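Participant: Protein chains in written order, with the UniProt record's numbering: chain X, 29 to 272; chain H, 11 to 344; chain C, 27 to 163; chain U, 10 to 46; chain E, 38 to 134; chain R, 20 to 461; chain L, 1 to 30; chain A, 20 to 46; chain S, 1 to 33. The beta carbon of each residue, even a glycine, is placed where N, CA and C say it ideally should be.
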Amino acid sequence: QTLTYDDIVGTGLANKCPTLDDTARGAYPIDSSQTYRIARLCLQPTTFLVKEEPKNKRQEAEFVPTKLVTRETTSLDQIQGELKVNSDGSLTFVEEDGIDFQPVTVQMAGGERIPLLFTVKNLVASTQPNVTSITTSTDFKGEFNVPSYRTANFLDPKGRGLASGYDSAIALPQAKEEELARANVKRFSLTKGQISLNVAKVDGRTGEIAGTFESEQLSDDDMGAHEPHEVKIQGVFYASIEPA
Amino acid sequence: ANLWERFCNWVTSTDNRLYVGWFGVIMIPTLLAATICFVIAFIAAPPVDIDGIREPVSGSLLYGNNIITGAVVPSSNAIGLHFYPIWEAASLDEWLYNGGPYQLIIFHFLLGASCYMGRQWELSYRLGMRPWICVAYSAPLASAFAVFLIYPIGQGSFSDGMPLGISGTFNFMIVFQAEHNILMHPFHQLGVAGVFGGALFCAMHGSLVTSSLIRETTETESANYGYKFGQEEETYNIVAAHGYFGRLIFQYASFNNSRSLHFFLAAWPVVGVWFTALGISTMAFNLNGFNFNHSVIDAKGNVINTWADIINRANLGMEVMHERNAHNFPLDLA
Amino acid sequence: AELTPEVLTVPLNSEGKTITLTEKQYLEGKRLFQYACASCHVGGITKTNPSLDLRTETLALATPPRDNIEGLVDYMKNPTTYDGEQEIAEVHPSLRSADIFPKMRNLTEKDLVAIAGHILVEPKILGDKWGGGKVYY
Amino acid sequence: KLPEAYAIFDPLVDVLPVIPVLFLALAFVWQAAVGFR
Amino acid sequence: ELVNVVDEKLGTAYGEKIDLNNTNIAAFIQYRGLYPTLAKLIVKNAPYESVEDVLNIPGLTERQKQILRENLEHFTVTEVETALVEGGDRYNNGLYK
Amino acid sequence: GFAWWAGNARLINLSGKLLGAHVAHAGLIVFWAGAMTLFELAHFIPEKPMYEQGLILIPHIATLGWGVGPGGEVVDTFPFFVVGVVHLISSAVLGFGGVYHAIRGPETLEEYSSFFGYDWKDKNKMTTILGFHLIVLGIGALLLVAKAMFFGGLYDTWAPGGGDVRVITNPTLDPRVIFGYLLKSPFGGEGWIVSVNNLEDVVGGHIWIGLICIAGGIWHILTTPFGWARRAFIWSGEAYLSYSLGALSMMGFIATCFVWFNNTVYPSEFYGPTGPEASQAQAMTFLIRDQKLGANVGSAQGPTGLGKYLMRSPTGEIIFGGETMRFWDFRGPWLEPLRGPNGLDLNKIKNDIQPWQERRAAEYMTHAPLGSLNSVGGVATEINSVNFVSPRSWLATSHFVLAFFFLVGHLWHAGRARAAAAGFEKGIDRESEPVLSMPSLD
Amino acid sequence: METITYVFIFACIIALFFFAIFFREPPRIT
Amino acid sequence: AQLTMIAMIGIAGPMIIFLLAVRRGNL
Amino acid sequence: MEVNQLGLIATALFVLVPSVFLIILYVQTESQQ
Ligand code: CLA
Ligand code: CLA
Ligand code: CLA
Ligand code: CLA
Ligand SMILES: CC1=C(/C=C/C(C)=C/C=C/C(C)=C/C=C/C=C(C)/C=C/C=C(C)/C=C/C2=C(C)CCCC2(C)C)C(C)(C)CCC1
Ligand SMILES: CC1=C(/C=C/C(C)=C/C=C/C(C)=C/C=C/C=C(C)/C=C/C=C(C)/C=C/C2=C(C)CCCC2(C)C)C(C)(C)CCC1
Ligand code: OEY
Ligand SMILES: [Cl-]
Ligand SMILES: [Cl-]
Ligand SMILES: [Fe+2]
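1) Using a 10 Å radius around the Cβ and a threshold of 16 neighbouring Cβ atoms, would you call H/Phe197 buried or exposed?
2) Since I believe R/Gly157 is in contact with R/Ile233 (beta carbons under 8 Å), could you give me their beta-carbon distance rounded to a whole number of angstroms?
3) By the three-class DSSP mapping on this structure, what secondary structure does C/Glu54 have?
4) Determine the contact status of L/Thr3 and S/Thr11, defining contact as a CB-CB distance below 7 Å.
5) Out of H/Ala344, H/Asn338, H/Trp317, which one is the CA nearest neighbour of E/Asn130?
6) Check whether chain R comes within 7 Å of C/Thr107, counting only Cβ atoms and requiring the distance to be less than that.
7) Does any CB atom of chain R fall closer than 7 Å to the CB of E/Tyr133?
8) Who are the near neighbours of H/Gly34 in its chain, counting only those whose CB is closer than 6 Å to its CB and skipping five residues on each side?
9) Any Cβ of chain H within less than 7 Å of the Cβ of X/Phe146?
10) Is the beta carbon of X/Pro131 closer than 7 Å to that of X/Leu145?
11) Within this structure, are the beta carbons of E/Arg69 and C/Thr89 separated by less than 7 Å?
12) Is it buried or exposed, H/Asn315, if we count other Cβ atoms within 10 angstroms and call 16 or more buried?
13) For the beta strand (DSSP E) containing X/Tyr64, list its first residue and its last residue.
14) Pick from H/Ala263, H/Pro141, H/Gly240, H/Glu242: whose alpha carbon is nearest that of H/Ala251?
15) Could you compute how far the alpha carbon of C/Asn75 sits from the alpha carbon of R/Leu153?
16) Tell me whether the segment 258-269 of chain X and the segment 176-189 of chain X touch, counting them as touching only if at least three CB pairs, one residue from each stretch, are closer than 8 Å.
17) Distance check for X/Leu218 and H/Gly178, CA to CA, integer angstroms please.
18) Is the Cβ of C/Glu54 closer than 7 Å to any Cβ of chain E?
19) So, is X/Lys149 buried or exposed, given that buried needs 16 or more other C-beta atoms within 10 angstroms?
20) How long is the line joining the alpha carbons of C/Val36 and R/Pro374, rounded to whole angstroms?
21) For R/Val93, write down the residues that DSSP places opposite it in a beta bridge.
22) With 7 Å as the limit, tell me which residues of the segment 303-314 of chain R have their beta carbon closer than that to any beta carbon of chain C; keep them in chain order.
23) I need the DSSP call for C/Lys136, collapsed to helix, strand or coil.
24) Residues around ligand 1, please: the condition is that the C-beta lies closer than 5 Å to some non-hydrogen atom of it.
25) Can you tell me which of the three DSSP states R/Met330 falls into?
26) So is E/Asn58 buried or exposed if we call it buried at 16+ other beta carbons inside 10 Å?
27) Does the beta carbon of R/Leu201 fall short of 6 Å from some heavy atom of ligand 4?
28) Among U/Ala14, U/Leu21, U/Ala16, which residue has its Cα nearest to the Cα of A/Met27?
29) Going by alpha carbons, who is nearest to H/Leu159 out of R/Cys276, R/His120, R/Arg185?
30) Hey, which unbroken runs of the beta strand (DSSP E) at 3 residues or more fall wholly within the segment 306-360 of chain R?
31) For the segment 25-37 of chain U, list every residue whose C-beta sits within 8 Å of some C-beta in chain R, in sequence order.
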């Protein structure tokens, strides 16, 4: 049994991944031969931690918590990709497609908004070797790409952009432009992130799994205007497996 | 002498320095809530993502605004027409980012100002007046409803409601002109006639009474001391006013009846402003100004531009630049 | 300037034969184009696929060529994609799809010619404005 | 279009919906004749 | 040291030919037989080491190979520019009329 | 005592001439319904959507199940003609009673028969007249129920297969549903009674209202007002008119929103798409166009960082991106097949969009209710070419205007009625100025 | 400093309101 | 053919007034 | 913000000078009756 749109709509459950029965401590075994896909990978974050800037040398600031201000708009879902068996029994998941990004802005203490592109774009995550069964101790580790939070057409408040827009500060016609080059020349950042996925529940009957994830990635750099923050994301995930 | 009856007598008392009344019972709390939230947001609200694209616009003084540029920013386009009270947000920080204060302020204000109009009816009844001053105020009140409520409803978003700011107001009137060609809309043209005309007749009537003041003073004192509050006789000569004005134009274009003159003074701007409020309220349903773009062509079929076409080139410049990051698809249908 | 025969003279087919419309046919075609087509193709653009317009250079490069009365009358009968590879009668008004596009039901054969005529003459009168979009309004 | 046997009254019908308006105009002809009493 | 990478790409063959690695799909309409079908294939199978790799797209009918051959002189390849290919911008770059 | 320009106030205590005024005016209403319908049919062309044709009355008839079949295809125009003729004819009878009672009949009624005569201050007689009209109204609402259940059904835009006429066999009687609507928020995603989205609930509510109206009609025939009502109201003809002007105003504002938002009892097939509908249809259109070209619409990040085609609503549902994010509460029969329980289903979008949905979206996007006063369709910067203003824009704006003035009329008459009741409507008594016997404020 | 100035002026206006209303010259008849 | 039936409708109204006056009726 | 430093003195004087003048004339008016 399941729910219809009109039961879910406006509740906030649309932003929640599907969960597994607390009884689901099974194992999903892997035909070294046959192939497999992930038909649906869902990532729901629950916590956003930003790294502070410590000002001095050997202090290294901490990951501090943040308040979400963009509401129940945070989950990645309907993701899919190849699930391969490598020679040594490591499994590798290769993301293909899905709603694999969400803009998020969290608020640090003191008012600073920190936007980010919570993403798993182009994720490739692997297991240890000698798997043969997906179990409630299987870990995936991998990395993904983080494109620029704004894409190329995006126009700052003075009409300046990368693939469109003014190339100077037109309101300051005879100002010295070298002060303003960082704000005038937009740059498209492309950085990597890292993610661990920890399986803690498995339905051996149905091929569904679920657990916990932690990813680390960079926040928005406003097309090069300013330095990014480091962000740690914790949440829960769910995935379904199919014989491809 | 009963408690409720003594309360009722204080609410409706004609002896309070400011009349309360039953309409006042709703007005006072709601105008206080809207005023207090407005004042605090104008000074100190953080930026608000008006257009739902995670691009917050800074509207308050502490975030780098002056009196001219500051505003309380309309709520997020992501909210559209959904109700967004404080208790629907996970926290005040979220409510601030998404533009919650705008909704609180406009709903309380519209309510309180509605009760303001009723309060005008009520005291007039308590005083033995005729009742229709409130009908005069319905013209401004309708105007406020149109830009804060009706236009969002028709467009589907308080994000397109009018901003509570001086420059916000200008941003609203510029986008309105590009999406509705309000200048070519006859109801707006009636508003202008109502407002130009209203200022004209204000000046006329004030200058005509002032010209015919009866000498009651010396050159060393304000003529204004020639009138004493409550005096029974009138303080100017209306026949002398009529005799000047009738000759300036012709006799029959001048009023010799003060009641007809003053009712004309009331009706002209009230009716013009009803229409211009109707204009906003109907352009809310996208029934827009006259469109004569390329209406003149020559024998071959070349377009012969008129001033309507030049207007269109301005509208186009507004259209393509407004909310420059918000549109992904080629037609701005709301 | 006026609606002369030189302007009303448009390619019939890709051989290179020409045909000269009358002023009547031209105004017939314009009327019919407003009736059956302008909702998507006002001004020679395509609101629902702006990448493809009705400029003559665009039609000339379509497969099969559409910069002529025959190619256009055929298009209204059996529309294809720009490269000719698939028939799109299911989603484009055509005589072949008049069961689902009821406005095409009363179009006769000479109506098609007037319409195709309008489309070929209008660029000659309006120039870049036809298929140019709001930049040229 | 109308059924054919009424083909005839097609241009009368193009005019009928405006007749209610005429009644308002008509109230002013009546008052002009009676002196706006 | 701060360069606009899009402007810089206009100084390359990207500025004169259809760049099989970067150009939005709407540009395949300026030469016949290429849109939508081959355009769709070229874009999905990008990126290309050199212009002649297009002919090694699996599934090509010999008619398709002929049209590509006909048009190789209108193609080029430069390095993929992230800014032009992220966000699905090769399928829709924000530009209509 | 009234000038010529307020001359209809001279009928207030002339019950016979005032009856003629009402009945003649009722003839004007029936005349226009008839004449307008016949004008529309004369001009109707069946191959063209109704909403390309300036029609507001034919759409109301089609909606009751007459003259149309599956898809709103017009099958038979005769019902339209019949409706016009019978209305036009019936207005002569009302015209006839009208001019008779207004010019020739007894000026006042109460001396002829003590049944038809009334005094405005007769609280009993007035609630009795009220009750008769309540029962009439109740009967009318059941007429709709009878058509839906016994005489052919109603057009159901939602009917599987593109819409069709359907008989309503199981009207919703559950009062938790019927009256549940009356307590939904009027704000977005809720929409009070405007959100009613199925004909079971429409038929069922008309059962309730018919019964409620008959019940209350009998109540008011049988009772006299209680003292708390006697003391709270003004009992006079102007006062009663003011009460009704307020009700008409409120109803006109509701109808405005009804025709602007509801695509169930104003099927889009006949009235054109709603503003929200058209806006969603554009996002659908380019989503389809781009996906056919190979775009992965689920993973395509737009300029802002939000999805270019798909994003989440504030509660997480997958929705169309761009400015139309504001219209995600929209529901229409061409769209719902793509919806799962998290909102738009990416796998249905990839695999299951049908040509008829591509067609419907293209059509509704190019028939958005935007247009100039002179009926040039599209945004205000569009060139002349397309002669189109949506019936919904004409119906929403007209009734907003009317609703507004009726509110002004309510304030006008309600205030006057109060002052006339207390005896100062004509001005202040110079010898007894209330304020001159009041203490000074300061 | 600009913020202080704007709010100060607004604050003065609000106080002026207070005196204009409650400490007006009281209108007196004939 | 929009004078073979219209003109008469517009004239109908003012004619009732020209016949009631010129025959003094309760106007 | 990089605002005109003289704005402050200008605003202060713009307020103070005309206001002080009105106060001077009011208080001496009152000391008469
Ligand atoms: C159910 C509706 C209704 C009813 C029955 C009445 C009834 C009455 N009203 Mg009320 N009134 C109403 C609605 C209604 N009103 C509304 C909606 C308003 C707000 C606009 C008013 C505002 C109002 C005022 C201000 C006054 C009345 C008065 C009166 C009384 C005399 C009216 C008279 O003789 O008019 C005579 C009619 C005319 C002079 C004609 C007016 C024509 C209008 C203004 C033009 C409309 C033209 C149209 C839009 C376009 C024209 C097209 C062109 C081709 C001609 C009468 C008791 C009077 C009163 O208080 O007496 C007790 C009075 O002073 N009414
Ligand atoms: C719906 C519109 C409407 C209606 C139904 C009425 C109805 C009425 N008015 Mg009001 N009135 C109106 C609009 C309306 N008025 C407007 C717009 C104004 C402002 C100009 C006025 C100003 C006004 C004044 C100043 C007075 C009235 C009075 C009256 C009443 C007596 C009229 C009389 O004896 O005339 C007699 C008129 C005639 C004999 C002339 C012929 C009129 C007929 C009815 C024309 C109809 C022709 C029609 C095509 C025939 C079809 C026949 C077929 C059905 C059989 C009557 C009930 C009077 C009243 O209250 O008296 C106590 C009064 O003094 N009216
Ligand atoms: C609500 C409208 C209404 C009201 C309250 C009145 C009231 C009155 N009329 Mg008027 N009358 C009306 C409409 C109305 N009439 C109409 C429309 C016409 C023209 C057809 C007339 C023509 C008329 C004449 C010619 C005379 C009256 C007379 C009278 C008085 C006596 C009635 C009587 O005993 O008849 C007896 C009652 C009946 C025979 C019962 C009739 C039942 C009807 C026909 C069926 C009703 C069903 C339903 C309501 C109709 C809708 C059907 C439709 C929707 C398809 C009374 C005050 C008389 C009078 O005042 O003389 C001084 C008189 O001579 N009336
Ligand atoms: C045309 C409709 C109509 C009208 C004008 C009246 C008029 C009247 N009724 Mg009747 N009534 C009607 C229909 C109508 N009734 C029907 C159908 C029923 C059956 C249910 C009744 C049952 C009824 C009873 C049982 C009683 C009356 C009474 C009265 C009198 C007092 C009315 C009053 O104070 O209301 C004013 C209402 C209030 C002060 C409280 C209402 C608060 C509501 C909920 C506000 C909601 C407004 C909101 C903005 C809109 C959303 C609606 C919400 C529910 C979602 C008055 C003469 C009383 C009387 O004296 O009878 C002899 C009485 O006791 N009525
Ligand atoms: C049909 C239908 C339906 C249903 C419906 C219903 C069932 C409804 C109801 C309705 C109702 C149920 C209504 C009510 C109303 C009410 C009102 C509107 C009220 C008012 C009030 C008032 C006005 C008052 C006032 C006052 C006061 C407050 C104080 C003292 C004085 C006085 C009395 C004045 C549905 C939706 C399902 C669907 C579709 C169809
Ligand atoms: C359906 C039908 C019918 C019916 C009809 C009718 C019912 C009629 C009516 C009609 C009418 C009912 C008429 C009316 C007319 C009117 C008019 C035509 C008016 C005019 C007006 C004017 C023009 C005015 C002027 C003035 C004055 C007088 C004063 C002041 C100033 C002024 C300027 C306003 C018949 C039989 C045909 C048959 C067929 C069908
Ligand atoms: O005019 Mn242009 O339209 Ca009414 O929405 Mn679409 O763009 Mn944006 O949000 Mn404010 O603004
Ligand atoms: Cl803007
Ligand atoms: Cl958009
Ligand atoms: Fe005065």
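Facilitator: On the basis of the data shown:
1) It is buried - the Cβ of H/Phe197 has at least 16 other Cβ atoms within 10 Å.
2) So it is a contact: roughly 4 Å between Cβ atoms.
3) DSSP places C/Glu54 in helix when its eight states are reduced to three.
4) Remark: C-beta atoms of L/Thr3 and S/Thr11 do not approach each other more closely than 7 Å.
5) Considering only alpha carbons, the answer is H/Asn338.
6) No, because no Cβ of chain R sits closer than 7 Å to the Cβ of C/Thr107.
7) Answer no: the Cβ-Cβ gap between E/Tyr133 and chain R never drops below 7 Å.
8) For H/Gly34, where only same-chain residues beyond five positions count, the Cβ hits under 6 Å are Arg129.
9) With 7 Å as the cut-off, X/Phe146 does not count as an interface residue toward chain H.
10) Going by C-beta atoms, X/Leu145 is nearer than 7 Å to X/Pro131.
11) For E/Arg69 and C/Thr89, yes; Cβs fall inside 7 Å.
12) The residue is exposed, with fewer than 16 neighbouring Cβ atoms inside 10 Å.
13) Where X/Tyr64 is concerned, the enclosing beta strand (DSSP E) stretches over 64-79.
14) With distances taken between Cα atoms, H/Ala251 lies closest to H/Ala263.
15) Between the alpha carbons of C/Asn75 and R/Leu153 lies a distance of about 55 Å.
16) These segments do not touch.
17) Roughly 36 Å between the two C-alpha positions.
18) The Cβ of C/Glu54 sits no closer than 7 Å to any Cβ of chain E.
19) When all chains shown are included, X/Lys149 counts as buried.
20) Between C/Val36 and R/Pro374, the C-alpha separation is close to 35 Å.
21) Beta-bridge partners of R/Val93 (DSSP): R/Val87.
22) Taking 7 Å as the Cβ-Cβ cut-off against chain C, the residues of the segment 303-314 of chain R that qualify are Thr304, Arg308.
23) C/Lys136: helix per DSSP, three-state reduction.
24) Going by the Cβ distance cut-off, the answer is R/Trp24, R/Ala25, R/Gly26, R/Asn27, R/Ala28, R/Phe424, R/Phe425, R/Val427, R/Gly428, R/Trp431.
25) In the structure shown, R/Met330 falls within a strand segment according to DSSP collapsed to helix, strand and coil.
26) Its Cβ being crowded by 16 or more others within 10 Å, E/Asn58 is buried.
27) Yes, Cβ of R/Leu201 sits closer than 6 Å to a heavy atom of ligand 4.
28) Ranking U/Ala14, U/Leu21, U/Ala16 by Cα distance to A/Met27 puts U/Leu21 first.
29) Ranking R/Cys276, R/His120, R/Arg185 by Cα distance to H/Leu159 puts R/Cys276 first.
30) Taking 3 residues as the minimum length, the beta strand (DSSP E) runs contained wholly in the segment 306-360 of chain R are 329-331, 337-339, in order along the chain.
31) Those residues of the segment 25-37 of chain U that come within reach of chain R (Cβ to Cβ, closer than 8 Å) are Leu25, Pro26, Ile28, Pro29, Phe32.
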